Amino acid sequence: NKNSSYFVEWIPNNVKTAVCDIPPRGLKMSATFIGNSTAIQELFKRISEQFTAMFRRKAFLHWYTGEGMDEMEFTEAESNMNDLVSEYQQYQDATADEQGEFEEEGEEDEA
Amino acid sequence: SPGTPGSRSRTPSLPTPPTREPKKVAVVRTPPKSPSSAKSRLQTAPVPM
C-alpha cells in the first residue's frame, strides 16, 4: 500500500509468503528476501554500454580469438543483451489499462 | 710516381635524368558517414485484448 508506486500495476498482489518455524541459530526471528523488479536494468544497461567501449575498439578480443571464439558469438551475445534490456523497458512503466483494436476494408473512389 | 694510382676506378659520369620530389601529399577527401543506430529498442504488445 505505502510503496504502491514501486509495484507492477497489472500483477495485483505481488507476494509469496513462506514461514519456517525454526529461527536462525542465535537470533530470535529473521527473514530472507527475494525480489523481482525492473529497477535492476542499471546493471544490464551499464554492462552493454561498457561493452561498446571495448568492442567498438576490438580491445582484448584476441584473447577470445586465441580460444577459437569469433565475432559472431560476440554479436549474438550483445544482441541477446540489448534485447534483454529492451524487454525491461517494455515491463518498466507498463500500462495496466486495457487495449483495443480497429481496422477498415475496401477503397475510396479517389486516392 | 703519381700518388693516386691507375689500379683505381675511373668510371666517367652519365646524363642522369631530373629529380622528382620525395612525397606527393595530394589532397584528401573526408570519408562518408550516416548517423548511429540505437541498439536498445521500443517494443509492441505481445498480448492483445
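This entry, as listed in the PDB, derives from cryo-EM and reports a resolution of 4.1 Å.

**Student:** Help me understand the overall build of chain A, please; the structure alone is not making it clear to me.
**Tutor:** The number of helices and strands found in chain A is 3 helices and 0 strands. In chain A, the order of α-helices and β-strands from amino to carboxyl end is α-α-α. Its C-alpha radius of gyration of 24 Å places chain A more than 25% over the 13 Å reference for a compact globule of 111 residues. Dimensions of chain A along its principal axes, counting C-alpha atoms only, are 80 × 55 × 20 Å. Residues counted as buried form 12% of the 111 residues belonging to chain A. When the accessible area of chain A is evaluated, it comes to approximately 11100 Å², of which 51% is carbon and sulfur surface. With 9 positive and 23 negative side-chain charges, chain A shows a separation of 25 Å between the mean positions of the two kinds.

**Student:** In this structure, what is going on with a negative patch on the surface? I would like to understand it.
**Tutor:** Residues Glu101, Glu103, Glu104, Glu105, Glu107, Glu108, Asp109 and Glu110 of chain A make up a contiguous surface patch of negative charge. Relative to the helices and strands, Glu105 of chain A is located in the segment after α3 (71-91).

**Student:** How should I be thinking about the interface of chain B and chain A in this particular structure?
**Tutor:** By a widespread convention, an interface's size corresponds to the accessible area lost as its parts come together. Listed per partner, the contact involves 10 residues of chain B and 11 residues of chain A. Across the chain B/chain A interface, buried area totals approximately 850 Å², and carbon plus sulfur atoms make up 39% of it. Together, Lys39, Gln43 and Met49 of chain B form the three largest contributors to the area buried by chain B at its contact with chain A, with a combined 52%. Summed over the shared surface of chain B and chain A, the number is 2 salt bridges. For the salt bridge of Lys39 of chain B with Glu78 of chain A, the shortest nitrogen-to-oxygen distance reads 2.9 Å. Applying the counting criterion to the chain B and chain A interface returns 6 residue pairs in polar contact.

**Student:** Help me understand the pattern of salt bridges in this model?
**Tutor:** Side chains that carry opposite charge are capable of pairing whenever their charged atoms lie near each other. Under the counting rule described, the total for this entry stands at 4 salt bridges over all chains. Of the charged contacts, one joins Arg41 of chain B and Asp83 of chain A as a salt bridge, the two residues approaching to 2.8 Å between their closest N and O atoms. The exposure class assigned to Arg41 of chain B is partly exposed, which follows from its relative accessible area of 44%. With relative accessibility at 28%, the residue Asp83 of chain A sits in the partly exposed group.

**Student:** What's the story with unusual backbone geometry in this structure? I'm lost.
**Tutor:** Apart from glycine, the bulk of residues carry a negative phi angle, and the bulk of peptide bonds sit in the trans form. At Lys58 of chain A, a residue that is not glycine, the phi angle is positive and equals roughly 55 degrees. Its relative accessible area of 46% is what places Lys58 of chain A among the partly exposed residues.

**Student:** In this structure, what is going on with the packing of helix α1 (residues 41-55) of chain A against α3 of chain A? I would like to understand it.
**Tutor:** All names here are of chain A. Here α1 crosses α3 at 150 degrees, and the two axes come no closer than 10 Å. By the angle between their axes, α1 is roughly antiparallel relative to α3. Pair α1 / α3 crosses with left-handed handedness. Packed against α1, whose contacting residues are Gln41, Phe44, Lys45, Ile47, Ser48, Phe51, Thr52 and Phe55, the element α3 presents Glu71, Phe74, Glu78, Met81, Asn82, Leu84, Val85, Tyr88 and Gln89 at the interface. A class-by-class count of the residues in the contact of α1 with α3 yields 9 nonpolar, 5 polar and 3 charged.

**Student:** Any chance you could explain the packing of aromatic side chains here in plain terms?
**Tutor:** How two aromatic rings sit relative to each other is given by the distance of their centres and the angle of their planes. Residues and elements named next belong to chain A. Applying the stated criterion across every chain, the model contains 6 aromatic pairs over all chains. Seen in terms of ring centroids, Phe55 and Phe74 are 5.4 Å apart; in terms of plane orientation they differ by 20 degrees. Their pairing is stacked. In this pair, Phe55 sits in helix α1 while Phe74 sits in helix α3, placing the two residues 19 residues apart along the sequence. Look at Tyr64 and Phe74: their rings are 4.8 Å apart centre to centre, the planes differ by 80 degrees, and that puts the pair in the edge-to-face class. One end of the pair, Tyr64, is in helix α2 (residues 62-65); the other, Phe74, is in helix α3, with 10 residues separating them in the sequence. Three or more aromatic residues joined by ring pairs make a cluster, and in this case those are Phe51, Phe55, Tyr64 and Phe74.

Thresholds, definitions, all that
Residues numbered from 1 in each chain as written, not as in the entry; some residues may be left out. Chains lettered and ligands numbered in written order. Part of a larger assembly, values for the part shown. Heavy atoms only, no water. Helix = DSSP H or I, 4+ residues; strand = E, 2+ residues; numbered from the N terminus. Rg over C-alpha atoms; globule rule 2.2 N^0.38 Å. Buried < 20%, exposed > 50% of the residue type's maximum accessible area, 1.4 Å probe, protein only. Areas by Shrake-Rupley, 256 points an atom, 1.4 Å probe, with all protein chains shown as cover. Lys, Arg positive; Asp, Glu negative; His and termini not counted. Charge placed at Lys NZ, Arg CZ, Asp CG, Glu CD. Patch = residues over 30% accessible without salt bridge, like charges linked within 9 Å, V, L, I, M, F, W, Y side chains within 5 Å. Salt bridge = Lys/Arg side-chain N within 4 Å of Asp/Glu carboxyl O. Contact = heavy atoms within 4.5 Å. Buried area = accessible area lost by both parts, 1.4 Å probe. Polar contact = N/O pair within 3.5 Å; in protein donor to acceptor, adjacent residues only side chain to side chain. Axes fitted to C-alpha atoms, helices over the stretch in contact; angles between N-to-C directions. Parallel < 35°, antiparallel > 145°, perpendicular 65-115°, else oblique. Left-handed = near helix turned anticlockwise from the far one by under 90°. Nonpolar A, V, L, I, M, F, W, Y, C, P; charged D, E, K, R; others polar. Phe/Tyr/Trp six-rings, centres within 6.5 Å; stacked < 30°, edge-to-face > 60°.

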